[PDB]
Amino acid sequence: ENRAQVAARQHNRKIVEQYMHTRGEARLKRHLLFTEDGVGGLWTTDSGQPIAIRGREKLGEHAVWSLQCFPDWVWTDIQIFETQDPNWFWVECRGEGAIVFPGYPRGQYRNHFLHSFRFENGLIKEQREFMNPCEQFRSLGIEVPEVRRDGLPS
């Protein structure tokens, strides 16, 4: 069983590496790193609910949208964490690039990110992006509310 777990982890790590370094037009084929029923998306949003992209087909459509609205995006400072589960990885990184959201001024978006990658039979079954939405608000020119700190220790 260890042989099977070790083999899975080494292969899966390569897929995480490839995913995190896919840029430009290659993003339009990255849905092929997912299972047919794979899920990706953003788990930290203004609503408090994830926005999940369900299925390899919808993931490929989302990649077209993402390439338009984040046309020059790069992940940076990438740290890949294997876990005791050979099919579960975490990634800490930063990311930056233009943000071109419908109805908002063109902006520059920078943030810190955590990504979760869960695998099934050599491909990504679930990818989840976690960030601070306040920084995406800022990139869009949306006012960020401020918790009053006057009564808090400083």
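So that the term is clear: the rigid core is the largest set of C-alpha atoms that superpose within 1.5 Å between two forms. Don't overthink the numbering: it's just position in the shown sequence, from 1.
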Next item on the list: Rigid core fitted first, then name the stretch among 141-149 and 15-23 whose C-alphas deviate most from the displayed form in 8 other deposited structures of this protein.
Entry: 141-149
Margin query: Regarding 100-108 and 123-131, which shows the higher C-alpha temperature factor on average in the entry?
Written below: 100-108
Item checked: Selected stretch [higher average CA B-factor]: 5-13 or 133-141 -> 5-13
Next item on the list: Report the third (lowest, middle or highest) to which the CA temperature factor of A26 belongs, ranking only the modelled residues of the same chain.
Entry: highest
Checklist line | Position of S116 among the chain's modelled residues by C-alpha B-factor, lowest, middle or highest third | finding: lowest
Checklist line | CA B-factor ranking of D72, expressed as a third of its chain | finding: highest
Next item on the list: Consider only the C-alpha atoms of the modelled residues in this chain, order them by B-factor as the entry records it, and name the third containing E92: lowest, middle or highest.
Entry: lowest
Note to self: Which third, lowest, middle or highest, does the C-alpha temperature factor of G48 belong to within its own chain?
What the structure shows: highest
